[PDB]
């Protein structure tokens, strides 16, 4: 299957990753042998600024965020990114003192991979945060359903106060599946969600039909199935 579970992550990291593949096969082929390498100090400066901005932005998010998992997981990525950046600098220097440096070939590759690796981690960590947001809403609706085995028409205002929530979720999943790169995963999200919204009316109706013992379980069942789907969503959201 694909390597980057997101269409955005992949659009950014796939090229770099491949580009690094070109190089390895080249050095291995000797395509760059006895060749003088143009001054890379400027380009490496570029990357150094770029990485600096990213880290600055990351540092802000880690500060102003409410996600505790996020707070503990982003910082390492910054370190990785920054150290990688140091290998690139040295490499720039070793090729300035010796345009034909062969050893310098290693901190360039190691540096590049470091940046790519570090970035993906930052990106993966943030996505996980994004997922917890979707999971937050979901877990809500699940609780909100638990509050169904305690409802006269006096106490369907309940169905009215649910409408918006059910929409936020439907939006999150819809917009989420448009991003996943694992097609299977997408179908599961889409099917599950479809089932949840199809089963909504049936739930409201099962509750009116509450006006004996049979009407009760036809209700309890409906919340079971809706819960199963919503739980299925949460699971698939984490794969």
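Numbering follows the first chain given and starts at 1.
Unmodelled stretch from the deposited sequence between residue 42 and residue 43, which bin: none, 1 to 3, 4 to 9, 10 or more?
Per the deposited record, the segment joining residue 42 and residue 43 has no missing residues.
Check the residues of the deposited sequence separating residue 155 from residue 156 and report how many of them have no coordinates, as none, 1 to 3, 4 to 9, or 10 or more.
According to the record, 1 to 3 deposited residues lack coordinates from residue 155 to residue 156.
Pick between 188 to 196 and 30 to 38: the one whose mean CA B-factor in the entry is higher.
In the deposited entry, the stretch with the higher C-alpha B-factor mean is 30 to 38.
Going by the mean C-alpha B-factor recorded in the entry, which is higher: 142 to 150 or 110 to 118?
Result: 142 to 150.
Check where residue 227 lands among this chain's C-alpha B-factors and tell me if it's the lowest, middle or highest third.
Its C-alpha B-factor belongs to the lowest third of this chain's values.
Compare the C-alpha B factor of residue 202 with those of the other modelled residues in its chain, then answer lowest, middle or highest third.
Residue 202: CA B-factor falls in the middle third of its chain.
Once the chain's modelled residues are ordered by C-alpha B factor and cut into thirds, is residue 96 in the lowest, middle or highest one?
It falls in the bottom third of the chain.
Based on the deposited C-alpha B factors for this chain, I'd like to know if residue 90 is in the lowest, middle or highest third.
Middle third - that is where residue 90 ends up once the chain's C-alpha B-factors are sorted.
Could you say whether, by C-alpha temperature factor, residue 61 belongs to the lowest, middle or highest third of its chain?
According to the entry, residue 61 has a C-alpha B-factor in the chain's highest third.
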